[PDB]
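**Student:** Quick one: the structure is below, questions incoming.
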Amino acid sequence: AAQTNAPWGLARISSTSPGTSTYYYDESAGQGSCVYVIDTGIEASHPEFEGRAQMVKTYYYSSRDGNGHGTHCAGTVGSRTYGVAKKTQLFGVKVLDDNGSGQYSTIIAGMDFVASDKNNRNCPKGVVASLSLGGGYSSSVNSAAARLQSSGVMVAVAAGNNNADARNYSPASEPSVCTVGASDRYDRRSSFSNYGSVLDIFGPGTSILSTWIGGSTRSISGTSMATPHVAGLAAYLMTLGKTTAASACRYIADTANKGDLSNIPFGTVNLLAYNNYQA
Amino acid sequence: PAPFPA
Ligand SMILES: [Hg+2]
Ligand SMILES: [Hg+2]
């Protein structure tokens with residue numbers, strides 16, 4: 001299948017070169033897989049979700065996304081128009097408040113929750129968790145991410161936006177998960193993107209069009225935006241039978257576009273998420 | 001993370 005005049009990030013991910021506008025992907029589109037979006041919540045009633053999204057847990061008074069970031073990221077994972085894995089099932093876990101902040105203990109609790117909750121969901125092709133968040137180094141947060149990963153969920157986490165080495169940021173510095181840097185539409189490292197030896201891969205993160213609260217859309221920038229691209233790609237490849245939750249990150253890096261990015265400091269991988277689609 | 005710009 002192809003999606004014509006797709007958002008650039010979607011086209012980038014099924015192209016070996018920058019500048020294309022069609023997103024080519026396999027029709028299976030992630031069906032059978034499940035992606036937990038651990039964020040500010042998701043506006044499940046947004047038409048772009050086609051009813052494939054639902055709220056599963058909140059740590060606040062409401063399960064509603066009064067922020068928009070979460071709806072934005074869920075959309076890149078699997079909305080019809082803006083998503084990588086157009087037929088995936090989305091589960092929202094609200095660990096962030098409507099201002100976009102949350103405590104480390106509630107974000108740890110949300111990760112533990114997914115590890116358990118996945119056991120009562122029917123996700124024949126596998127389970128992914130997408131974490132477009134992070135903060136200063138915490139060995140406890142790193143540790144919750146590693147547990148989630150080992151429980152059998154593909155964990156994709158943001159590198160973070162400080163144009164710094166991701167080693168001082170958590171969950172980003174947990175080696176066992178998949179740390180995602182951001183790039184822009186010219187194949188440059190996003191100016192705000194963290195880097196370092198701990199990154200596993202890059203995805204589109206600058207001016208990403210996706211769903212927003214109130215049934216609208218909006219383009220924002222951030223490595224937070226790159227994360228769902230890789231989470232969606234993982235879900236897509238798992239339903240294709242290419243990889244598993246445990247090896248999905250390494251598989252994405254193995255099949256990435258190599259050496260295409262510019263402004264990558266020595267020590268950081270030069271790998272861009274790539275779906276390898278062939279009609 | 002990264003954000004929730006243009
Ligand atoms: Hg987000
Ligand atoms: Hg987003």
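We label chains A, B, ... in the order they appear in the structure tokens, count residues from 1 in each chain, and number ligands from 1 in the order shown.
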Counting only C-alpha atoms and all ligand atoms, what are the residues of chain B within 9 Å of ligand 2, and for each of them which pair of atoms is the nearest and at what distance in Å, to one decimal? Sort the table by chain and rising number, as a tab-separated table.
**Tutor:**
residue	atom	partner	partner_atom_place_in_ligand_line	distance
B:2	CA	ligand 2	1 (Hg)	8.1
B:3	CA	ligand 2	1 (Hg)	7.1
B:4	CA	ligand 2	1 (Hg)	6.2
**Student:** Got a sec to tell me which of stretch 23-260 of chain A DSSP assigns to helix (DSSP H, G or I), as a PyMOL selection string?
**Tutor:** chain A and resi 47-49+69-78+104-120+139-150+166-168+223-239+248-254
**Student:** As a PyMOL selection string, could you give me every residue of chain A near chain B (at most 6 Å apart, counting only C-alpha atoms)?
**Tutor:** chain A and resi 69+132-134+158-161+207+219-224
**Student:** Nearest to ligand 1 among A:9, A:175, A:47, A:92, with distances taken over only C-alpha atoms and all ligand atoms: which residue is it?
**Tutor:** A:92
